[PDB]
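Numbering (our numbering), first residue to last: 158 to 224. All residues carry an ideal CB built from backbone N, CA and C; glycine is no exception. Heads up: the structure comes next, in structure tokens.
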Amino acid sequence: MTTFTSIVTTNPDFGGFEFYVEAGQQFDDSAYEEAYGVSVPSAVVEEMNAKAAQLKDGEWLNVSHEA
């Protein structure tokens, strides 16, 4: 089991590596597995998706994981 963290901020750059869910955008848990090489549970993903639903234009959600 790994710990996932997120915050409400909107400044996703291309210079570094960061994944953000666009408002109304479904979070791709499959990509995280290949993008982080780790298993992402649907329970964690739905919460991120829910946040995106409440996210307004010009806003982005930060999705990440730890150990």
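Worksheet item: Is the beta carbon of residue 184 sitting closer than 8 Å to the one on residue 219?
Response: No, the pair does not count as a contact, with Cβ atoms beyond the cut-off.
Discussion item. At the level of alpha carbons, what is the spacing between residue 158 and residue 216?
Written reply: Distance between the alpha carbons of residue 158 and residue 216 is about 29 Å.
Item to complete: Run the CB neighbour count on residue 209, radius 10 Å, all protein chains shown included, and call it buried at 16 or more, exposed below.
Response: It is buried - the Cβ of residue 209 has at least 16 other Cβ atoms within 10 Å.
Worksheet item: Secondary structure at residue 219, three-state DSSP: helix, strand or coil?
Response: Looking at residue 219 - three-state DSSP - the assignment turns out to be strand.
Item to complete: Give the secondary structure of residue 197 by DSSP, where H, G and I count as helix, E and B as strand, and everything else as coil.
Response: If DSSP states are grouped into helix, strand and coil, residue 197 belongs with coil.
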